[PDB]
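Encoded as structure tokens, the following chain is the form deposited in one PDB entry, with no partner shown.
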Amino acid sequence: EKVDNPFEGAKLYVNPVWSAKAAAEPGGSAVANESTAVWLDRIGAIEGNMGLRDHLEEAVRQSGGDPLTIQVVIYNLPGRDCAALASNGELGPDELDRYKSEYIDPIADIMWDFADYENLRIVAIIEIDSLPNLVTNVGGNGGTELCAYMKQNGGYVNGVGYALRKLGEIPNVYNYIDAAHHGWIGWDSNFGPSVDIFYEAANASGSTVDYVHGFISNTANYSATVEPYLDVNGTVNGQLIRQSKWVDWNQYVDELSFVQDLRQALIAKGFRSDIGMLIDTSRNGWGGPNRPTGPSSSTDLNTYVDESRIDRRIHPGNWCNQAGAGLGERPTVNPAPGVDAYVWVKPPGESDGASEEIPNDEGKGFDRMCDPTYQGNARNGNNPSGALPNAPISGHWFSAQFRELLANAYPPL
């Protein structure tokens, strides 16, 4: 069974580690009490050598005996991030066996312990930047040999299946499969195909749809929840919003429209009728002086669209430390039809990746999508990366970015 919505009638975990970095920034106390997910993005995060056990104990303490909800990100597939120029994932493409025995299994072992406390809800975010690569990045300009390999060897599909079963058996664990964002799989050509692959994964490695509680979009990304001034079917004089360089015949201009349609598609495919969707609104506020306060007046199609849209990125494929971004809507329960919650999965202020080479021992290769000077590739419309300068290694505190995110918060603080 498990509750219909693990966020409903629950307190939310506050990560003391994250909170201390937020409160330390000028004005950071205003958001230092917000709930953020704990990221298990490598084997070493499990024991922490705060480990998972440490965060879960803290969540229990914060609960006081009433329902409480902690979000844990599962993110260590073999051949991780198969389309990226560089991946920080420690597990290689042939390492599914290590994924199963040294990553999932010990996490399962810790969550099982905590099943004894009825009022703790563990929402597990399952493998970001995974399955949709096997739809969109296997052929053509932008295809990678790594993605083709992971599709051929079933490493993503079977890895994900495994996590769903192992964590899904556990009574108070609520699995959400990552579902990219509308600027990735919103097209007529990849939406259905993504749905098919989600279903494949959910039935792989002994899993069933009964181990999937829902889906999460926009995780660690910047796509708008709603675009207030843009109608995907609207027009600028005789020209459709659809034909703009921004929209590019996507079926959607925002995340909410997207996850609502996806939710219906998935149920039709054979997922449970009571699936709920999440959207990560950590960094998609797009507020501050540059935020449109109403629709453009321009007669140019692209000037109307560029001046009316709150997501101001150059291209929706720009994912790294995005310039001008702002904190989004704060974590909130059942905000819209079919959405269990808006969540802050990415903890704001933590870098997405280094903007130059920063030599390291923990195995984190320089990804040029984080480099301000990078001129792009097929996957971002061959555009500037849009990344903020002088960024630390992924997960390290990025003060310039936190101050900006904080000043650009929408709704304001």
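Rigid core: the largest C-alpha set superposing within 1.5 Å between the two forms. Numbering starts at 1 and follows the sequence shown. Residues that one form lacks are left out of the comparison.
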query: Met50 preceded by how many uncoordinated deposited residues after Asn49; finding: 4 to 9
query: Between the two ranges 135-143 and 153-161, the one averaging a larger CA B factor in the entry; finding: 135-143
query: Mean temperature factor over C-alpha atoms, higher-scoring stretch between 336-344 and 79-87; finding: 79-87
query: Residue selected from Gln260, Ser223, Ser217, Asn302 by maximal Cα B factor; finding: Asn302
query: Criterion, highest CA B-factor; candidates, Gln71, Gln239, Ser207, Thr281; finding: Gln239
query: Modelled-residue ranking by C-alpha temperature factor, third containing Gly270; finding: highest
query: CA B-factor placement of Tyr374, once the chain's modelled residues are sorted into thirds; finding: middle
query: Lowest, middle or highest third - CA B-factor, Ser194; finding: middle
query: Ranked against its chain, the third holding the CA B-factor of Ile110; finding: middle
query: Position of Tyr211 among the chain's modelled residues by C-alpha B-factor, lowest, middle or highest third; finding: middle
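The following text describes the form deposited in another entry, which does not appear among the structures shown.
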item	value
Rigid-core fit between this form and the one not shown, the member of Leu85, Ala148, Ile267, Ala115 whose C-alpha shifts 2 angstroms or more	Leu85
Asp66 C-alpha relocation of at least 2 Å between this form and the one not shown, rigid core basis	no
Rigid-core frame, C-alpha of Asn360, shift of 2 angstroms or more between this form and the one not shown	yes
Residue pair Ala86, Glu145 - Cα distance in that other deposited form, closer or farther (3 Å or more)	farther
Regions of at least 3 residues displaced between this form and the one not shown by 2 angstroms or more (CA, core superposed)	85-88, 360-364
